[PDB]
Amino acid sequence: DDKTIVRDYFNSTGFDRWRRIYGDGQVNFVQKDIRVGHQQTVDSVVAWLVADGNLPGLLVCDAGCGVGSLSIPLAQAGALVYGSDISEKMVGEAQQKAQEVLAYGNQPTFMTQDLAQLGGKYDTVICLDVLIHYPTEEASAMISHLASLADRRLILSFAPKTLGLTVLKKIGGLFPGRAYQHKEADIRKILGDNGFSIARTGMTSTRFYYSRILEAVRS
Amino acid sequence: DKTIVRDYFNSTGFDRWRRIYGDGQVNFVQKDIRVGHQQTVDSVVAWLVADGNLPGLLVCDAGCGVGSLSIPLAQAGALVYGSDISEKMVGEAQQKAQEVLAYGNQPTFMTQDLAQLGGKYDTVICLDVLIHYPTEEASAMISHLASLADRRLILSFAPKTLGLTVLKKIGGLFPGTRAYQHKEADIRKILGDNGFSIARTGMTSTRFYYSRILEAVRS
Ligand SMILES: Nc1ncnc2c1ncn2[C@@H]1O[C@H](CSCC[C@H](N)C(=O)O)[C@@H](O)[C@H]1O
Ligand SMILES: Nc1ncnc2c1ncn2[C@@H]1O[C@H](CSCC[C@H](N)C(=O)O)[C@@H](O)[C@H]1O
């Protein structure tokens with residue numbers, strides 16, 4: 001049920017709002033802060049993979065790729081990127097953005113797909129800022145499936161805390177009549193049960209954006 | 001450092017690299033390097049062409065060699081000022097430009113150490129030059145080039161990459177290349193310190209040629 005709700009959102013009001021944030025057009029201070037925060041997360045992950053030295057020719061799965069904010073710079077650096085997203089609107093935008101940026105050079109292959117139904121095998125599987133849309137119990141099933149696609153590495157980002165959303169939930173009960181945080185201990189446990197140990201980690205914190213980043217490597 | 005590099009490109013380096021950057025017959029290694037370098041040049045020309053404002057664009061080509069980049073930029077209408085520390089390279093660039101461009105739009109070539117260049121340009125470009133200098137001096141060079149760029153600084157460099165790692169490992173297995181690789185994190189930091197952020201990037205990878213390309217724009 002959650003999948004349909006998230007999908008419909010990113011195919012409608014969510015598409016327009018987030019394509020503007022992930023884009024380069026004029027935005028208000030709230031959206032700008034979130035753009036900056038998200039850009040930091042993307043940049044951090046690209047930096048990790050570039051630093052390793054083996055990114056050119058590296059098989060990468062970008063699960064829940066959105067408008068290709070991560071797919072595109074990875075491809076620019078020589079990666080072989082397979083991007084997928086549950087939202088056809090997001091996928092279409094990613095394809096158009098990649099064609100505008102990369103023309104006919106090294107570029108991702110994009111596909112509309114629920115990550116839970118994703119197949120194939122990759123050196124590195126990446127899932128950024130997607131898990132926030134699902135409760136912990138559903139996140140475990142998602143992480144476990146992604147881990148099954150990862151020959152060596154799984155990178156995830158999640159919010160340990162969602163202030164604004166938490167505030168909204170608590171305020172909601174105060175009148176007649178969402179987002180999900182994940183505990184790092186819970187995420188690390190799920191990764192461990194799938195045979196992964198934690199390598200590098202990172203953290204992005206701005207005014208309205210908070211993302212914990214974990215690099216997990218197969219033992 | 002620069003004296004060694006200048007003397008090389010005024011003697012044996014001139015003879016060898018003029019041939020590589022030319023169209024004549026070469027060995028399999030130099031051929032691969034020719035192809036890789038051509039891809040780098042083509043990618044940069046493609047970037048500037050894509051912007052749609054190349055005609056009349058004031059461009060500095062620092063370390064221009066035989067004008068492999070300067071000439072096609074001038075062909076597309078750019079106002080190109082090319083310079084190189086080697087007068088032999090400059091002389092060859094001028095001869096090549098006169099041969100193919102006649103009296104039409106063409107670069108102005110000058111013999112000069114890029115660290116001593118003056119003027120102000122919309123876009124400053126330095127391709128495949130930083131490989132001849134250690135990170136310390138490379139940093140000083142980047143800072144100087146940035147001071148000449150009103151808007152944009154484009155750099156290419158050999159990064160830490162697996163292809164080059166393999167070659168160095170094999171080399172260490174026998175008793176016994178003056179080519180400096182640079183970490184992308186170091187380059188990005190230097191550019192950031194000079195008030196520049198990264199826009200487009202690219203990566204040329206052949207058998208023996210590896211060139212990371214960064215487009216940096218003034219914030
Ligand atoms: N079950 C699922 N399978 C694949 N993608 C999903 C998904 N649930 C949500 N998504 C997608 O996850 C995206 C979150 S926005 C994050 C986009 C991208 N990872 C980035 O960081 O730039 C949305 O585009 C949404 O459509
Ligand atoms: N300090 C310096 N200032 C200006 N040019 C330099 C320099 N040190 C080396 N060079 C020049 O940098 C060139 C590197 S070969 C690269 C040439 C050109 N950028 C191209 O990609 O086609 C050589 O011609 C060499 O003479």
# chains A, B, ... in the order shown; residues from 1 in each chain; ligands from 1
$ residues_near_ligand --ligand "ligand 2" --cutoff "7 Å" --atoms "only C-alpha atoms and all ligand atoms" --output "list in words"
residues 2, 5, 6, 9, 37, 41, 62, 63, 64, 65, 66, 67, 68, 69, 83, 84, 85, 86, 89, 112, 113, 114, 115, 126, 127, 128, 129 and 132 of chain B
$ write_last_selection --atoms "N, CA, C and O atoms" --output "tab-separated table (two decimals), in the first residue's frame"
chain	number	residue	atom	x	y	z
B	2	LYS	N	59.85	23.59	-13.98
B	2	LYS	CA	59.42	24.14	-15.27
B	2	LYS	C	60.53	24.17	-16.32
B	2	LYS	O	60.25	24.03	-17.51
B	5	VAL	N	60.67	20.72	-17.79
B	5	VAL	CA	59.51	20.52	-18.65
B	5	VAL	C	59.64	21.33	-19.95
B	5	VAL	O	59.34	20.82	-21.03
B	6	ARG	N	60.09	22.57	-19.83
B	6	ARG	CA	60.25	23.44	-20.99
B	6	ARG	C	61.31	22.91	-21.95
B	6	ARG	O	61.10	22.88	-23.16
B	9	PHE	N	59.97	19.86	-23.92
B	9	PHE	CA	59.04	20.20	-24.99
B	9	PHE	C	59.66	21.11	-26.05
B	9	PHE	O	59.02	21.43	-27.06
B	37	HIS	N	43.53	11.57	-26.30
B	37	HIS	CA	43.67	13.02	-26.28
B	37	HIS	C	42.64	13.69	-27.19
B	37	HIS	O	42.06	14.72	-26.83
B	41	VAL	N	39.85	16.55	-26.16
B	41	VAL	CA	39.67	17.79	-26.89
B	41	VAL	C	38.25	17.92	-27.44
B	41	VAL	O	37.62	18.96	-27.28
B	62	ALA	N	45.76	27.74	-21.92
B	62	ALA	CA	47.05	27.77	-21.24
B	62	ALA	C	47.78	26.43	-21.37
B	62	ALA	O	47.28	25.40	-20.91
B	63	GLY	N	48.96	26.46	-21.98
B	63	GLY	CA	49.67	25.24	-22.30
B	63	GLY	C	49.09	24.61	-23.56
B	63	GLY	O	48.83	23.41	-23.61
B	64	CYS	N	48.90	25.44	-24.58
B	64	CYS	CA	48.11	25.07	-25.76
B	64	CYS	C	48.74	24.01	-26.66
B	64	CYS	O	48.06	23.49	-27.56
B	65	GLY	N	50.01	23.69	-26.45
B	65	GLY	CA	50.70	22.72	-27.28
B	65	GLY	C	50.71	23.14	-28.74
B	65	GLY	O	51.07	24.28	-29.06
B	66	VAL	N	50.31	22.23	-29.62
B	66	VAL	CA	50.28	22.52	-31.06
B	66	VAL	C	48.92	23.06	-31.51
B	66	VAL	O	48.63	23.09	-32.70
B	67	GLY	N	48.11	23.48	-30.55
B	67	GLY	CA	46.83	24.11	-30.85
B	67	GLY	C	45.70	23.15	-31.13
B	67	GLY	O	44.72	23.51	-31.79
B	68	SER	N	45.82	21.92	-30.63
B	68	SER	CA	44.80	20.89	-30.85
B	68	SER	C	43.42	21.34	-30.38
B	68	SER	O	42.41	20.92	-30.94
B	69	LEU	N	43.37	22.18	-29.35
B	69	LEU	CA	42.12	22.71	-28.85
B	69	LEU	C	41.86	24.12	-29.39
B	69	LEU	O	40.74	24.46	-29.75
B	83	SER	N	48.69	29.99	-25.27
B	83	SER	CA	50.07	30.18	-24.85
B	83	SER	C	50.68	28.87	-24.39
B	83	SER	O	49.97	27.96	-23.96
B	84	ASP	N	52.00	28.76	-24.51
B	84	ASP	CA	52.71	27.56	-24.10
B	84	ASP	C	54.12	27.95	-23.68
B	84	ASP	O	54.68	28.92	-24.19
B	85	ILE	N	54.69	27.20	-22.75
B	85	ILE	CA	56.02	27.51	-22.23
B	85	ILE	C	57.09	27.19	-23.28
B	85	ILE	O	58.22	27.67	-23.19
B	86	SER	N	56.71	26.39	-24.27
B	86	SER	CA	57.63	25.96	-25.32
B	86	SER	C	57.42	26.73	-26.61
B	86	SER	O	56.35	26.67	-27.20
B	89	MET	N	56.48	24.50	-29.61
B	89	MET	CA	55.05	24.18	-29.63
B	89	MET	C	54.25	25.35	-30.19
B	89	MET	O	53.35	25.16	-31.01
B	112	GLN	N	54.82	31.62	-23.35
B	112	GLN	CA	54.67	32.11	-21.98
B	112	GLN	C	54.42	30.98	-20.99
B	112	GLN	O	53.69	30.03	-21.28
B	113	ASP	N	55.04	31.09	-19.82
B	113	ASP	CA	54.76	30.23	-18.68
B	113	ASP	C	53.38	30.61	-18.15
B	113	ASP	O	53.11	31.79	-17.89
B	114	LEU	N	52.50	29.63	-18.00
B	114	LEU	CA	51.11	29.89	-17.60
B	114	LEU	C	51.03	30.56	-16.23
B	114	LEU	O	50.08	31.28	-15.94
B	115	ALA	N	52.04	30.32	-15.40
B	115	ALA	CA	52.09	30.91	-14.07
B	115	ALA	C	52.33	32.42	-14.12
B	115	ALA	O	52.17	33.12	-13.12
B	126	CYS	N	42.96	24.57	-19.34
B	126	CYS	CA	44.28	23.96	-19.20
B	126	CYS	C	44.16	22.44	-19.28
B	126	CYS	O	43.80	21.79	-18.30
B	127	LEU	N	44.47	21.89	-20.45
B	127	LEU	CA	44.30	20.46	-20.69
B	127	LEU	C	45.62	19.69	-20.74
B	127	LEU	O	46.54	20.06	-21.47
B	128	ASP	N	45.69	18.62	-19.95
B	128	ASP	CA	46.82	17.69	-19.99
B	128	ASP	C	48.18	18.37	-19.74
B	128	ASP	O	49.19	17.98	-20.33
B	129	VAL	N	48.18	19.37	-18.87
B	129	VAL	CA	49.41	20.07	-18.51
B	129	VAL	C	49.83	19.75	-17.08
B	129	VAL	O	51.02	19.58	-16.79
B	132	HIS	N	52.52	17.28	-15.50
B	132	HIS	CA	53.95	17.53	-15.48
B	132	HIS	C	54.43	18.20	-14.19
B	132	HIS	O	55.61	18.55	-14.06
$ interface_residues --of "chain A" --to "chain B" --cutoff "8 Å" --atoms "only C-alpha atoms" --output "PDB file with N, CA and C atoms, in the first residue's frame"
ATOM      1  N   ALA A  47      32.281  11.343  -4.503  1.00  0.00           N
ATOM      2  CA  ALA A  47      33.651  11.490  -4.026  1.00  0.00           C
ATOM      3  C   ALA A  47      34.216  10.171  -3.509  1.00  0.00           C
ATOM      4  N   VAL A  50      34.900   7.948  -6.642  1.00  0.00           N
ATOM      5  CA  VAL A  50      36.024   8.482  -7.402  1.00  0.00           C
ATOM      6  C   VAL A  50      37.346   8.188  -6.689  1.00  0.00           C
ATOM      7  N   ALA A  51      37.347   8.347  -5.368  1.00  0.00           N
ATOM      8  CA  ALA A  51      38.551   8.147  -4.566  1.00  0.00           C
ATOM      9  C   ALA A  51      39.074   6.715  -4.652  1.00  0.00           C
ATOM     10  N   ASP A  52      38.163   5.760  -4.821  1.00  0.00           N
ATOM     11  CA  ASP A  52      38.537   4.350  -4.922  1.00  0.00           C
ATOM     12  C   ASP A  52      39.403   4.071  -6.148  1.00  0.00           C
ATOM     13  N   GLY A  53      39.203   4.851  -7.207  1.00  0.00           N
ATOM     14  CA  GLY A  53      40.031   4.746  -8.394  1.00  0.00           C
ATOM     15  C   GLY A  53      39.513   3.801  -9.461  1.00  0.00           C
ATOM     16  N   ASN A  54      38.489   3.019  -9.127  1.00  0.00           N
ATOM     17  CA  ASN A  54      37.974   2.006 -10.048  1.00  0.00           C
ATOM     18  C   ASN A  54      36.582   2.309 -10.598  1.00  0.00           C
ATOM     19  N   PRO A  56      35.682   4.184 -13.352  1.00  0.00           N
ATOM     20  CA  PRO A  56      35.491   3.967 -14.792  1.00  0.00           C
ATOM     21  C   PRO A  56      35.280   2.494 -15.137  1.00  0.00           C
ATOM     22  N   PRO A  73      26.297  12.299 -12.671  1.00  0.00           N
ATOM     23  CA  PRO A  73      27.715  12.524 -12.361  1.00  0.00           C
ATOM     24  C   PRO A  73      28.536  11.240 -12.257  1.00  0.00           C
ATOM     25  N   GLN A  76      29.352  10.535 -15.792  1.00  0.00           N
ATOM     26  CA  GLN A  76      30.343  11.520 -16.216  1.00  0.00           C
ATOM     27  C   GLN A  76      31.745  11.078 -15.825  1.00  0.00           C
ATOM     28  N   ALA A  77      31.831  10.359 -14.711  1.00  0.00           N
ATOM     29  CA  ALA A  77      33.105   9.888 -14.190  1.00  0.00           C
ATOM     30  C   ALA A  77      33.473   8.514 -14.750  1.00  0.00           C
ATOM     31  N   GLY A  78      32.630   7.988 -15.635  1.00  0.00           N
ATOM     32  CA  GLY A  78      32.939   6.763 -16.355  1.00  0.00           C
ATOM     33  C   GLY A  78      32.222   5.501 -15.903  1.00  0.00           C
ATOM     34  N   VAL A 101      22.613  16.694 -20.881  1.00  0.00           N
ATOM     35  CA  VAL A 101      23.929  16.838 -20.264  1.00  0.00           C
ATOM     36  C   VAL A 101      25.011  16.025 -20.973  1.00  0.00           C
TER      37      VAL A 101
END
$ closest_residue --among "A:105, A:37, A:192, A:23" --to "residue 93 in chain A" --atoms "only C-alpha atoms"
A:23
$ residues_near_ligand --ligand "ligand 1" --cutoff "9 Å" --atoms "only C-alpha atoms and all ligand atoms" --output "PyMOL selection string"
chain A and resi 2-4+6-11+14-15+18+22+38-39+41-42+62-71+84-91+112-118+126-134+142+157
$ atom_distance --atom1 "CA of residue 170 in chain A" --atom2 "CA of residue 204 in chain A"
24.8 Å
$ select_by_dssp --residues "range 6-210 of chain B" --states "strand (DSSP E or B)" --output "ChimeraX atom specification"
/B:58-62,79-84,108-111,121-126,149-157,196-205,210
$ residues_around --residues "residue 194 in chain A" --least-positions-apart "5" --cutoff "10 Å" --atoms "only C-alpha atoms" --output "PyMOL selection string"
chain A and resi 143-148+188-189+218-219
$ write_last_selection --atoms "N, CA, C and O atoms" --output "PDB file, in the first residue's frame"
ATOM      1  N   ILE A 143      16.126  -3.359   1.765  1.00  0.00           N
ATOM      2  CA  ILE A 143      17.575  -3.455   1.897  1.00  0.00           C
ATOM      3  C   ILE A 143      18.061  -4.868   1.577  1.00  0.00           C
ATOM      4  O   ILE A 143      19.062  -5.049   0.883  1.00  0.00           O
ATOM      5  N   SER A 144      17.334  -5.868   2.066  1.00  0.00           N
ATOM      6  CA  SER A 144      17.701  -7.259   1.823  1.00  0.00           C
ATOM      7  C   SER A 144      17.694  -7.595   0.334  1.00  0.00           C
ATOM      8  O   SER A 144      18.593  -8.281  -0.158  1.00  0.00           O
ATOM      9  N   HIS A 145      16.699  -7.101  -0.394  1.00  0.00           N
ATOM     10  CA  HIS A 145      16.652  -7.363  -1.825  1.00  0.00           C
ATOM     11  C   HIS A 145      17.790  -6.661  -2.560  1.00  0.00           C
ATOM     12  O   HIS A 145      18.418  -7.247  -3.446  1.00  0.00           O
ATOM     13  N   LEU A 146      18.050  -5.410  -2.195  1.00  0.00           N
ATOM     14  CA  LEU A 146      19.131  -4.652  -2.813  1.00  0.00           C
ATOM     15  C   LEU A 146      20.477  -5.319  -2.566  1.00  0.00           C
ATOM     16  O   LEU A 146      21.325  -5.367  -3.455  1.00  0.00           O
ATOM     17  N   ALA A 147      20.664  -5.834  -1.354  1.00  0.00           N
ATOM     18  CA  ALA A 147      21.907  -6.511  -0.997  1.00  0.00           C
ATOM     19  C   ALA A 147      22.134  -7.743  -1.874  1.00  0.00           C
ATOM     20  O   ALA A 147      23.275  -8.114  -2.149  1.00  0.00           O
ATOM     21  N   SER A 148      21.045  -8.364  -2.318  1.00  0.00           N
ATOM     22  CA  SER A 148      21.127  -9.562  -3.150  1.00  0.00           C
ATOM     23  C   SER A 148      21.599  -9.237  -4.563  1.00  0.00           C
ATOM     24  O   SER A 148      21.994 -10.132  -5.313  1.00  0.00           O
ATOM     25  N   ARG A 188      22.094  -0.997  10.369  1.00  0.00           N
ATOM     26  CA  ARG A 188      23.335  -1.762  10.470  1.00  0.00           C
ATOM     27  C   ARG A 188      23.076  -3.247  10.717  1.00  0.00           C
ATOM     28  O   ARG A 188      23.800  -4.104  10.207  1.00  0.00           O
ATOM     29  N   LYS A 189      22.052  -3.546  11.511  1.00  0.00           N
ATOM     30  CA  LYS A 189      21.687  -4.929  11.797  1.00  0.00           C
ATOM     31  C   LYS A 189      21.211  -5.634  10.527  1.00  0.00           C
ATOM     32  O   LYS A 189      21.647  -6.745  10.225  1.00  0.00           O
ATOM     33  N   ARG A 218      30.502  -6.224   1.342  1.00  0.00           N
ATOM     34  CA  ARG A 218      30.269  -7.642   1.575  1.00  0.00           C
ATOM     35  C   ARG A 218      31.484  -8.280   2.240  1.00  0.00           C
ATOM     36  O   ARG A 218      32.617  -8.071   1.809  1.00  0.00           O
ATOM     37  N   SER A 219      31.241  -9.043   3.301  1.00  0.00           N
ATOM     38  CA  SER A 219      32.317  -9.693   4.041  1.00  0.00           C
ATOM     39  C   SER A 219      32.798 -10.954   3.328  1.00  0.00           C
ATOM     40  O   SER A 219      32.022 -11.635   2.655  1.00  0.00           O
TER      41      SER A 219
END
$ select_by_dssp --residues "range 33-179 of chain B" --states "helix (DSSP H, G or I)" --output "number ranges by chain"
B: 33-51, 70-75, 87-101, 114-116, 130-132, 135-146, 162-171
$ atom_distance --atom1 "CA of residue 140 in chain B" --atom2 "CA of residue 189 in chain B"
12.5 Å
$ closest_residue --among "A:21, A:216, A:203, A:72" --to "residue 40 in chain A" --atoms "only C-alpha atoms"
A:203
$ decode --residues "range 179-212 of chain B" --atoms "C-alpha atoms" --output "PDB file, in the first residue's frame"
ATOM      1  CA  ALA B 179      54.105  11.843 -14.646  1.00  0.00           C
ATOM      2  CA  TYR B 180      52.199  13.318 -11.715  1.00  0.00           C
ATOM      3  CA  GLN B 181      48.716  12.080 -10.889  1.00  0.00           C
ATOM      4  CA  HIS B 182      46.396  14.296  -8.853  1.00  0.00           C
ATOM      5  CA  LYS B 183      43.514  13.408  -6.535  1.00  0.00           C
ATOM      6  CA  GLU B 184      40.178  14.835  -7.652  1.00  0.00           C
ATOM      7  CA  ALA B 185      39.464  15.795  -4.034  1.00  0.00           C
ATOM      8  CA  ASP B 186      42.639  17.902  -4.016  1.00  0.00           C
ATOM      9  CA  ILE B 187      41.740  19.606  -7.304  1.00  0.00           C
ATOM     10  CA  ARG B 188      38.162  20.292  -6.193  1.00  0.00           C
ATOM     11  CA  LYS B 189      39.424  21.736  -2.907  1.00  0.00           C
ATOM     12  CA  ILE B 190      41.829  24.105  -4.682  1.00  0.00           C
ATOM     13  CA  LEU B 191      39.080  25.225  -7.065  1.00  0.00           C
ATOM     14  CA  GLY B 192      36.717  25.728  -4.132  1.00  0.00           C
ATOM     15  CA  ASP B 193      39.300  27.811  -2.290  1.00  0.00           C
ATOM     16  CA  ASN B 194      39.486  30.018  -5.385  1.00  0.00           C
ATOM     17  CA  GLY B 195      35.723  30.563  -5.436  1.00  0.00           C
ATOM     18  CA  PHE B 196      34.782  27.954  -8.032  1.00  0.00           C
ATOM     19  CA  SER B 197      32.211  25.165  -7.984  1.00  0.00           C
ATOM     20  CA  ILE B 198      32.092  22.103 -10.223  1.00  0.00           C
ATOM     21  CA  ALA B 199      29.596  21.926 -13.093  1.00  0.00           C
ATOM     22  CA  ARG B 200      30.067  19.415 -15.913  1.00  0.00           C
ATOM     23  CA  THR B 201      32.701  16.688 -15.660  1.00  0.00           C
ATOM     24  CA  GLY B 202      34.109  14.064 -17.988  1.00  0.00           C
ATOM     25  CA  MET B 203      36.553  11.180 -18.047  1.00  0.00           C
ATOM     26  CA  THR B 204      38.613   9.882 -20.950  1.00  0.00           C
ATOM     27  CA  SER B 205      39.810   6.297 -20.528  1.00  0.00           C
ATOM     28  CA  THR B 206      41.702   4.393 -23.195  1.00  0.00           C
ATOM     29  CA  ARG B 207      44.336   1.683 -22.828  1.00  0.00           C
ATOM     30  CA  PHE B 208      47.138   4.031 -21.766  1.00  0.00           C
ATOM     31  CA  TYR B 209      45.535   7.483 -21.665  1.00  0.00           C
ATOM     32  CA  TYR B 210      43.511   8.628 -18.654  1.00  0.00           C
ATOM     33  CA  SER B 211      42.227  12.183 -18.309  1.00  0.00           C
ATOM     34  CA  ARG B 212      39.675  13.481 -15.811  1.00  0.00           C
TER      35      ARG B 212
END
